[PDB]
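Student: Once you've seen the sequence and the experimental structure below, I've got questions.
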Amino acid sequence: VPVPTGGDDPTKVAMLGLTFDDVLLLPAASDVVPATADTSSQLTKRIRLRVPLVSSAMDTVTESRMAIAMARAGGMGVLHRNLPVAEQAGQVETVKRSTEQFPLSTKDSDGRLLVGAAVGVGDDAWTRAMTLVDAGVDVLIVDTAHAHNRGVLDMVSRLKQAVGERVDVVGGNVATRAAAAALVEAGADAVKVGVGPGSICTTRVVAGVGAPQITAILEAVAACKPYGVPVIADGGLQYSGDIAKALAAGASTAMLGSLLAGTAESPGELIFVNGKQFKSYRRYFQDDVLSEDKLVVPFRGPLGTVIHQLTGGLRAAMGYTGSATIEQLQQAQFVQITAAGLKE
Amino acid sequence: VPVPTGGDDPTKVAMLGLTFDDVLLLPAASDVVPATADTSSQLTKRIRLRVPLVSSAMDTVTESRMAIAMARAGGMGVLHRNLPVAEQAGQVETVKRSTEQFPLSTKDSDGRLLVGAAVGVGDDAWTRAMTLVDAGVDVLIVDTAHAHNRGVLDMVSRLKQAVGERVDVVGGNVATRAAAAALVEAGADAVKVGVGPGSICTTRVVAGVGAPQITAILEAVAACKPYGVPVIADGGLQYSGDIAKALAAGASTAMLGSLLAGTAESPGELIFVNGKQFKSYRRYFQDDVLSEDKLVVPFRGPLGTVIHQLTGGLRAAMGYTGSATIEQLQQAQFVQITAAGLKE
Amino acid sequence: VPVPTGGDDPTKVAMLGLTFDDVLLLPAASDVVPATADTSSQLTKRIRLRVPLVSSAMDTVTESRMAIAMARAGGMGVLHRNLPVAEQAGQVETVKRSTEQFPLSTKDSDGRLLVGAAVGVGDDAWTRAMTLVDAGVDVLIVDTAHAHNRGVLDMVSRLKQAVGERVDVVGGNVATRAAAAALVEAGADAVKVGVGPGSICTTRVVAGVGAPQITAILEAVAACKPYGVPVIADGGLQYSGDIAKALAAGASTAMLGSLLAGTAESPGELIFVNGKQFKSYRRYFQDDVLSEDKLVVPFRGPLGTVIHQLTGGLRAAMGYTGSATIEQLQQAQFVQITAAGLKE
Amino acid sequence: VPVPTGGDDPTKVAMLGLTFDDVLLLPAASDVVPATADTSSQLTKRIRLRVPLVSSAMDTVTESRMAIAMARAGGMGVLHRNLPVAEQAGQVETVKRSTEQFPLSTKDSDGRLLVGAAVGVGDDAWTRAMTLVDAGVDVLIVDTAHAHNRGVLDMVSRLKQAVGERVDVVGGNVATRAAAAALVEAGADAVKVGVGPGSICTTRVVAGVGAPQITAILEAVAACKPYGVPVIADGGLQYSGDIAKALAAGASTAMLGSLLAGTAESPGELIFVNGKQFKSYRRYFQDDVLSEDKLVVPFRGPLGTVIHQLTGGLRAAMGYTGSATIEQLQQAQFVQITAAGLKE
Amino acid sequence: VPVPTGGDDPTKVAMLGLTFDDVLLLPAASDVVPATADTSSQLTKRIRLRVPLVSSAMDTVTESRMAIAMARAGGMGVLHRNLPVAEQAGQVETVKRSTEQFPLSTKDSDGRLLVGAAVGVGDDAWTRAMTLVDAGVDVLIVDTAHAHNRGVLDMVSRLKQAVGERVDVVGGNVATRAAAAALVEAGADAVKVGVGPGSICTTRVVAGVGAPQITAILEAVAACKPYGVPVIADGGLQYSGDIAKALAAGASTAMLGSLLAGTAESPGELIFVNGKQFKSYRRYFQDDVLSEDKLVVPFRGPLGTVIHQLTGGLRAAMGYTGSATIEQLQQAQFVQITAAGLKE
């Protein structure tokens, strides 16, 4: 009767959490070559990206330059909200205003580049969202550290009722089936997934709170797939294999954070120090209560090489799993590996 | 028929022991912000602390200054016993004798700072305990390396019969359900949990004896919660998130040991050597036969910063789990992580 | 109802994969000494080797010299295909053209040294295979990074129909029971097993695809043993005991890759740099789309010492397990070890 | 139906092997103080040692000096057999010929120190054994790397029939229940347990053969306890906690190897090199076919300190587990720990 | 005819420069114990200290607290000039306003603590100097990276005219006999010596300019001693013996810079980072063209320990050389040591 791990409640330790390093993609029957594989995926219920990648809403990752360069690559960028409302609307306008050079460009019905913008929760967040919709934005991301909150669901529902006909609303980070179901019910066109996905992330060390990303994606997909809501895996990625694992676990799009922090298209002036290069950037807008920043970059080259490497890894995984589309890749199986398979 | 780990007795390997690094706190539906979360918790059945932290009864950790500081920070200190009875009684009196500076101060009916003292087993222990009770102590920790002993149980019963109306008697270190049940039947007002909780501690290396702390807390709480007896988790803490994990496992209070040894309020002279700072302290009282000393410090800044960081991590965990109170956090669920989740 | 690792599909995580370091060979009742143990084993259904070792079809590993040495040591070499068809046919002829020095030599009906050659898929692959068959090759390895493909299966069937009477056709790398079953139904005379078997190999990092080698061997042998088709374990070997583990898991032969790259008989000029020795080698033929090269040596002494050490370890394992033959060793039992057993 | 680790045979991976680091001793009800605990144990069915330790039959560990010093400590030493028959008999005579200084001395019925001698298998081994029995030895150890052999059982039975009335015969190293049962049936008065117990021992790396020591002791005890045959754990020990774990797993005596290799009482001349000290020793007798030596010391101080430390660890473990005797210690339970509990 | 170092001009390489590590003080006939040695020495022609130590005018070294502590230690402080004039005057007033605690205190005619203030060159420097004189400063240091300049000389002359009767005008950094003679002719009451004195200082690396401190002190003293003008050695110090070497080389007082930067009395908030302590300080006034800043801190305990160590080393040197007074030490001899005397 007593639980082998202690106590009498078998649900106290609810589950065993698997991360990216715990699982591998099992090869399956394949008639797919990497070059012809279709990597297109649903970012929202109405928006299909040519590349299933989205740069994150970080002040070190996505601005108007990064958003434009990402849209021309076939993905999309989400403008961070650590800047004034007028400045964010101006960067939205910069992306919107700005043939063979960029064949994969993701464009709206007017031929203008698609762009996303992040919003918090509150009246300031509401006026920011209305300004960004007035500025011609296409996707509104109600992004927070812990989106299983009444305020976040209320904001998502308010946006979906007010500006839902024109733009698509995305709910912030979740890690459980219940949170994803709540976001789906509130009317989110997409659900962003991941709470403390990194092994030694500040959330795990300081708060003792976390959820391994593979299991979180599996639960959120179980919640969201019946209603057709796409799932965007955000965090815990270290190599191009992790993107393939996240998409095969059920997610529709991957959100790139620290992998794009130091690129040329990322914001910041490039400077030279001690034989190497870094980025320099010479709060009020940091209103997320559970954010990592409350609890407590080296130059990385052009965005094109990083995107090419990640897409090549994705295509190789699709070839190994025999997936002609991302939808078929979401049906791939996993094999769990032991600690002996982790040792270098 | 044979056990998969060897032999024919299925109880030879009683259970699988979880430590702090084995588990993470899952996010849940939350309407709680870390700032307004209440961290009040029971130390004993009668005493409540506004901050669930207690300093360990170690010579390097807790003297009158550390006890006073810990009581002023919202917790409590337990004065060590590696010293003559007169000195310990004088330290108790010093703490007892010594409104906008310390709002969270723990107090007794007379408004004086709450304090605790450790006692052993025996005649010298009995006279020490009686003198401490006369001196005005509030908690007597009958502390041993192994409290599942007839002598310790009899001492707990004798102190409960003699001074149970004045002071609260806390039983020493146990690691199983049966030992905690024995201490509860002995009349203890709280149970201190942990026996070789550290990974490579001396008790595990020299004697081969220990118990992982999460499982030990779960078993002790299974023994104590039906009777309302609080559990004090002692040992194994490395980060602020470990406090949240221990509280969620069922412990009501966490005892702070190695984390407080080098702080300013800890006893010892602060000296400067080789560009660093250390503490100096320029046996007849180490009478415990199973004590770690029988089997065989750097400066760490103010106590206030350590307490503030620990409480910030705990409040972040409460905001993540949707726990308005410590009792709600004790009902939070764990996710067990693999080895891959521990990789830096 | 939910899977303990996430979601609702119990087959999403298909199985737990064991690598070589996960298992050890249990001792058993033995009357066999290592010296008189017989290490003869089937390479294919028709070809038997006196030493169950084969050199990998890699440019850095196997050319005419390495093939000749491997055949003289009791095993066989497989000539790589990263070169024009004329060069590979000439190397096959060189091996074929070239009694107390080499008693264990593997031979054909005419007494010449047995040799193998790798072929791809396609028209150039077909003409390469036909020219190699004319040149006198004995084994054609239809080698790909992913043999669970219609093209590879059709190539195997075509080669079996065309040159099945003269040469033996070995299907390339598979990692599951279903792929091995498909290759067996395609008519393959042996199945090569392993897809990203290394812990941190490029296939696992860039593509997220792989399979632990012990489990992959077990599944492939479950597919092949009822039909008598031998399994060649390829990749993941680090020690001589790994050969014994792979053989006991059901593989009949182990292919030697990275262990043979730096040896004297391996191709390349032996040069001296910085007080050490290395090998030098002063693409149109790397046509495999899923090859490791698309996703992105030190000197090691004579081959004879490496082979002698490997065979000594294997013979010691056979003496420990009471295995007079390789077929008996394939029935040996494993003990699974924890992480603590891997600690240096 | 298919096995989750691969294949269709559920007994292919027979068991999960636990080592010393995998388990800890759970504290139990205790009325035992370390100083009064009885550490006496059965070395054989007729020989009870005052200290449950036996120095190993290694050329770097036990000679006449080490055997005498061990017998005076309350244990016993086993003379190694890597020396001439006449020399081993002479060292037996040296031990036999050579009040308050050594109260714990283990003596025969004549008051002479007890000593053990190792023998191989064969006619040379038989004449050596007869010489050693003629020399007044008390224990004959038929010691081999893999004692589950017809020759070893035949030698044990021959010795038990010929000289069984005077001396006690011990069977060599086993790791399974079947081997221990075979040794018991053949007539062994004690069974030595352990085959490749070390994590990175040569047997595991080279041969891929091994058995974690805790599970091996459990199985061998399950085989030997009903008939009253003592089990001697040999190998895998690194600290005094491991001796307690081995005895609590069911073994009656521990065999000390590398822990005593560099002591003063160990053979060899003490020399000074480069600011430290080592031992110097300025084959025909190495006839064990499966021995570690076939597959491929720093000074450690006085024996008394090492024996005192190991015995103190044992007594502390007995106090924690509440064992008044070694027989009661053999009833202690284990708790299994995860990888997170191994990290320093 | 040619110079052995190149060319035809023997004055191109003027002289060989000796640093502190090049020389050692030779023992001499002595009847002086360190305790009774007198360390009183001239700072300027009019002001005598009891300990010949002065804190440098750096914004990380000397503010009001450091100046007060230095004056109470028997020396004097020189306030940095990197701040508005009013703030520097306020610091001077704070020092001047602020009996057994500080027996060595340096005082003025009115019994207030002595203090110094740094001034630059120019009109703003003129008004700063006048305001500082009004505030009650005792020494004005006309400090520059290169004092052999007509502007610095004219500033010294103007200050010696206007406020020479009241304050002592100390000329800034020189490194040759000619510059020291120019400062003496300008009317400087003391001469500060050192220009790129450190081995790998920024002045030596970026500009290639410098002068070893022992030789520079010797030349400056050759210029100044015939006129009774004291020399302040400023830079190059690493150990307490360097102070004695500088004094014996002819300097009357040593200026303490980097050695006092991290002390408690130095300006800056003491912060705790990564288990250590550092200092924090949460340009228009850096108007010196040749200053080190134009060419391009850890905690150190109390000031008293550093002063005590330096004075103990100096007293030991005085006892070794037979120097009852600092002026006698200025007559001590040196032995030049080779590179072999520097090897650790």
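Tutor: Ah, there it is. Residues are numbered from 1 along each chain as shown, chains lettered A, B, ... in the order given.
Student: Please identify the helix or strand for residue A:241.
Tutor: Under the criterion of DSSP states H and E, residue A:241 resides in helix A:240-248.
Student: could you point out which element follows that helix?
Tutor: strand A:253-256.
Student: That following strand and chain C, any residue contact?
Tutor: No: remark: strand A:253-256 sits outside contact range of chain C, by C-beta under 8 Å from any C-beta of the partner chain, the gap being at least 11.9 Å. To be clear about C-beta, it is placed using only N, CA and C from the backbone, and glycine gets the same treatment.
Student: what about stretch A:132-148 and chain B, any contact?
Tutor: Yes: Stretch A:132-148 lies within reach of chain B by C-beta under 8 Å from any C-beta, at A:146, A:148.
Student: What is the linear distance spanned by that stretch between its boundary residues?
Tutor: End-to-end distance of stretch A:132-148 (C-alpha to C-alpha, to the nearest Å): 24 Å.
Student: Tell me the gap between that stretch and the middle of its chain.
Tutor: Relative to the centre of its chain, stretch A:132-148 is centred 13 Å away, using C-alpha atoms, centre = their mean, to the nearest Å.
Student: And stretch A:38-49, by the same measure?
Tutor: Its chain's C-alpha centre and that of stretch A:38-49 lie 13 Å apart, by C-alpha atoms, centre = their mean.
Student: buried sites along that stretch?
Tutor: By neighbour count with 16 or more other C-beta atoms under 10 Å in any protein chain shown, stretch A:38-49 contains the buried residues A:38, A:39, A:40, A:41, A:42, A:43, A:44, A:47, A:49.
Student: next one: stretch A:282-296
Tutor: A:285, A:287, A:288, A:289, A:290, A:291, A:292, A:294, A:295.
Student: a markdown table for the residues you listed, including secondary structure and distance to residue A:161?
Tutor: A markdown table is the format used below for those (DSSP: H, G, I helix; E, B strand; the rest coil; distance: C-beta to C-beta, whole Å):
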| residue | secondary structure | distance to residue A:161 |
| --- | --- | --- |
| A:285 | coil | 26 |
| A:287 | coil | 23 |
| A:288 | coil | 24 |
| A:289 | coil | 25 |
| A:290 | coil | 26 |
| A:291 | coil | 27 |
| A:292 | helix | 31 |
| A:294 | helix | 30 |
| A:295 | helix | 34 |
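Student: phi, psi of the residue nearest to residue A:57 when sequence neighbours are not counted?
Tutor: Spatial nearest neighbour of residue A:57, chain neighbours left out: residue A:118 (3.8 Å); criterion: C-beta to C-beta, 6 or more residues apart in numbering or on different chains. Per-residue torsions, residue A:118: phi -90, psi 150 (degrees, to the nearest 10).
Student: ok, now which ones touch residue A:118?
Tutor: Residue A:118 sits next to A:57, A:78, A:79, A:80, A:81, A:141, A:143 when contact means C-beta atoms under 8 Å, 6 or more residues apart in numbering or on different chains.
Student: Repeat the analysis, applying 10 Å as the threshold.
Tutor: A:56-58, A:62, A:78-82, A:88, A:125, A:128-129, A:132, A:139-144, A:170, A:172 (C-beta atoms under 10 Å, 6 or more residues apart in numbering or on different chains).
Student: Residues of the stretch 151-300 of chain A that sit close to chain B?
Tutor: Within reach of chain B by C-beta under 10 Å from any C-beta of the partner chain, the stretch 151-300 of chain A has these residues: A:151-153, A:173-176, A:178-179, A:182, A:195-196, A:198-200, A:202-212, A:215-216, A:289-292, A:294-296.
Student: These: which ones sit near chain C?
Tutor: A:211, A:212, A:215, A:216.
Student: Any chance of those residues in a markdown table with distance to residue E:93 and neighbour count as columns?
Tutor: Shown next, in a markdown table, are these (distance: C-beta to C-beta, whole Å; neighbours: other C-beta atoms under 10 Å in any protein chain shown):
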| residue | distance to residue E:93 | neighbour count |
| --- | --- | --- |
| A:211 | 61 | 32 |
| A:212 | 63 | 31 |
| A:215 | 67 | 28 |
| A:216 | 64 | 36 |
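Student: Format those residues as a markdown table; extra columns: secondary structure and distance to residue D:301.
Tutor: A markdown table is the format used below for these (three-state DSSP; distance: C-beta to C-beta, whole Å):
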| residue | secondary structure | distance to residue D:301 |
| --- | --- | --- |
| A:211 | coil | 52 |
| A:212 | coil | 48 |
| A:215 | helix | 52 |
| A:216 | helix | 55 |
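Student: Chain C: which of those is nearest?
Tutor: residue A:215 (3.6 Å; C-beta to the nearest C-beta).
Student: tally of neighbours for the closest residue to the closest one other than its chain neighbours?
Tutor: The shortest distance from residue A:215 to any non-neighbouring residue, by C-beta to C-beta, 6+ apart, is to residue C:6 (3.6 Å). For residue C:6, the neighbour count with other C-beta atoms under 10 Å in any protein chain shown is 28.
Student: isn't residue C:6 right next to residue A:15, touching?
Tutor: Yes: using C-beta atoms under 10 Å, residue C:6 is in contact with residue A:15, at 6.8 Å.
Student: Residue numbers of the stretch 151-300 of chain A in contact with chain C?
Tutor: The stretch 151-300 of chain A has residues A:177, A:211-212, A:214-223, A:225, A:238-250 near chain C, with proximity defined as C-beta under 10 Å from any C-beta.
Student: Just the buried ones from the residues you listed?
Tutor: Using 16+ other C-beta under 10 Å as the burial test, those include A:177, A:211-212, A:214-223, A:225, A:239-250 as buried.
Student: sorry, back to before: any idea how far the residue nearest to residue A:215 is from residue A:221?
Tutor: The gap separating residue C:6 from residue A:221 is 9 Å, by C-beta to C-beta, to the nearest Å.
Student: what's the answer for residue A:300, then?
Tutor: Residue A:300 is 30 Å from residue A:221, where distance means C-beta to C-beta.
Student: Contact partners for residue A:306?
Tutor: Neighbours of residue A:306 in contact, by C-beta under 10 Å, 6+ apart: A:53, A:73, A:240, A:256, A:259, A:260, A:262, A:263, A:265, A:300.
Student: And for residue A:67?
Tutor: By C-beta under 10 Å, 6+ apart, residue A:67 lies in contact with A:55, A:61, A:75-80, A:91-92, A:94-96, A:98, A:113-117, A:265.
Student: go with 8 Å
Tutor: Applying C-beta under 8 Å, 6+ apart to residue A:67 gives the contacts A:55, A:76, A:77, A:78, A:79, A:91, A:95, A:113, A:115, A:116.
Student: Looking at neighbours, which among those residues is most surrounded?
Tutor: Of all the contacts of residue A:67, the highest neighbour tally under other C-beta under 10 Å goes to residue A:77, namely 34 neighbours.
Student: mind checking which helix or strand the nearest residue to it once chain neighbours are set aside is in?
Tutor: Nearest residue to residue A:77 in three dimensions, chain neighbours excluded: residue A:67, at 3.4 Å (C-beta to C-beta, 6+ apart). For residue A:67, the host element (DSSP H and E) is helix A:64-73.
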